[PDB]
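For reference, the chain that follows is the form deposited in one PDB entry, supplied as structure tokens.
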């Protein structure tokens, strides 16, 4: 462990974002796009979190694997992540599956997508391969995980963090020892084992595996020949590494970038619809759990050119009132009440509206005299005049999609089967 080691491992490293793959539990949010390209934060996409942590961690060589509905994703990487110069060892390579006969190849698993592209990744000559799930929201520093991987003399290093046992049936539960060496790993159990001394919580894998380059190539080619295998990192390989005792665990609180050290680390995978809504409006509160006014760990995105947020008087000459809300650029709010809401770019709300705990994805047009409560308005939805959402549960659940918790989702297809011409 030398003094100039913390700086030379990111440069000998290469990150691989398994962007591609939809989130099925997000219903129609991700019907026309990949989960990493779901909008978030007023101006971000989820994959801006798993990319700006590579940059600020020094890892300037990324590999974005994209399968399902990637036009918007690729078009976002193109416009916001193509400032690189390949001559200074940095790049964001897109690795969709390469078709030679109209659908002959198609990425059978998570770990069968790093094996199709294993002739391109060898050419990078990397020693440490970070394996990032980029449909997640976090502010980690992977040059403090890579060290903890190099100090321990590990082959694979799984970033683990504890979560409530109630939600630990959707993640990879493990069990460690005094030396943070994984002893028992099981993927997506039906009865998540608890931690020792913490019966109400389980030590879960985040989908962030650091691998020596030599061991990963030798483990996938040793796994690609397995017909029985399901070709996934959690469900096939990490048990294989674990059962040889070459798998260590890296606590996330160590390599988490927070502005308040007294707080707990922030991890939201935006699993269902409810946690997507809840995760945006936790940017609109007074004290957000996620700091985005931070200049020591900024998040890079498509810096679209939009005019200032305009607030104008309604048809009656009256004021427009706002409370704990975000209004991004392009918006035009004509004298209506906006509360606990998040308006993204280009949202044009007309007069006399009432908007409460809403999330208005971009290019939404809200017509005159609309009332919106606890809803998610999808991209380009042209809400008609006098529409009421979030006051009649037996109404909203027979028009739009309504989650068990009360969250409504509105899409153009939902609003075009109702008869509202939404071709504006």
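By rigid core we mean the largest C-alpha set that fits within 1.5 Å across both forms. Residue numbers count along the first chain shown, from 1. Only residues modelled in both forms are compared.
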Next on the checklist: One third of the other compared structures is the cut-off here: is residue 333 left unmodelled in that many or more?
Outcome noted: no
Next on the checklist: Across the other PDB entries of this protein that model residues on both sides of residue 104, is it left without coordinates in at least a third of them?
Outcome noted: yes
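The form deposited in another entry exists for this protein as well; it is not shown, and the discussion that follows is about that form.
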Next on the checklist: To test your reading of the superposition: with the rigid core aligned, which of 315, 123, 225, 100 moves its Cα by 2 angstroms or more between the shown form and the other one?
Outcome noted: 100
Item to check | Distance direction in the other form for the C-alpha atoms of residue 107 and residue 125, relative to the displayed form (3 angstroms or more) | outcome: farther
Checklist entry - Given that the distance between the C-alpha atoms of residue 105 and residue 230 changes by 3 Å or more in the other form, do they end up closer or farther than here? => result closer
Next on the checklist: If I superpose on the rigid core and flag every C-alpha moving 2 Å or more, which consecutive runs of 3+ residues come out between the shown form and the other one, in sequence order?
Outcome noted: 97-108
